[PDB]
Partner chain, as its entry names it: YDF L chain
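Listed next as C-alpha cells is one chain, alone, in the form solved without its partner chain.
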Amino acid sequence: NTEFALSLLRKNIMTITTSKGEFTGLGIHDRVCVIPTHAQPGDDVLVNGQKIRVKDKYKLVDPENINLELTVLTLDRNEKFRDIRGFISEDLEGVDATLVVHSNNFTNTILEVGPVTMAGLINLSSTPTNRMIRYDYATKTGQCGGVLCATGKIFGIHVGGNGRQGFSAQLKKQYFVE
C-alpha cells in the first residue's frame, strides 16, 4: 500500500493553495486535477508554490443535483499528469484504505484510515453531499484533499470530518468525460 501511495506522491499528488489555505491536489490526467469544492479556487492557484492560471473549473454534482464536494480543475502548466484513471475503483466496501496527504504540516504523509464504507448521503457543512465514503479515523485540519486509496485502487478525495470520522468524496471515471 505504501509503495502505491508513494508512486502517487511522486507523479500525481501536489499542494494546491487557494485563498482558503493549502489543499492536497490529485492530478488525474493531462492537466486535469481535483480539489475539494470548499477550497473555492479562483482564476489562479498555487501549485507547489507556483502561480498557475486555472484554465477550467467546474463543481461536480450528481444527476439528482446533489452536491458532491468535488471540483475538477484544468491547469495551464506544461507538466502533464500520469493517467491514473485506470486505478479509480468503486469496489471500496470494507477495504483497509490509506490516505495520502501532501498539504500544510502533513507533507508526504501516508495514513492508515482503516476499513472504509459507502456512507452515501450525509449532511456535510450544512450541505447534503452524496457518494460519501466514511472511515473511522480522526482526520485533522490541513488534510483535506488527501487521496483515499489502496494498492492499485483509488477511491476518493478527503473532504472533511468530525474529529472521530473522516469522509472522502468518491472518485468516478465518468467525472473526467465530457
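Residue numbers count along the first chain shown, from 1.
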Q) According to the deposited model, is the average Cα temperature factor higher in 104-112 or in 71-79? A) 71-79
Q: State which stretch shows the higher mean Cα B factor in the entry: 134-142 or 44-52.
A: 44-52
Q) Ranked by Cα temperature factor within the chain, is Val159 in the lowest third, the middle third or the highest third? A) lowest
Q: Looking at the entry's B-factor column for C-alpha atoms only, identify whether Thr15 ranks in the lowest, middle or highest third of its chain.
A: middle
Q.
Which third, lowest, middle or highest, does the C-alpha temperature factor of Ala119 belong to within its own chain?
A. lowest
Q) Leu148's Cα B-factor: lowest, middle or highest third of the chain? A) lowest
**Q.** Cα B factor band for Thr129 (lowest, middle or highest third within the chain)
**A.** middle
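The protein also exists as the form deposited with its partner chain bound; that form is not presented, and the subsequent description refers to it.
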Q) Any chance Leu111 has a heavy atom within 4.5 Å of its partner chain in the bound PDB entry? A) yes
Q) At the 4.5 Å heavy atom threshold, is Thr141 in contact with its partner chain in the bound PDB entry? A) yes
Q) Counting only non-hydrogen atoms and a 4.5 angstroms cut-off, does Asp56 reach its partner chain in the bound PDB entry? A) no
Q | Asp30: touches its partner chain in the bound PDB entry, heavy atom cutoff 4.5 angstroms | A | no
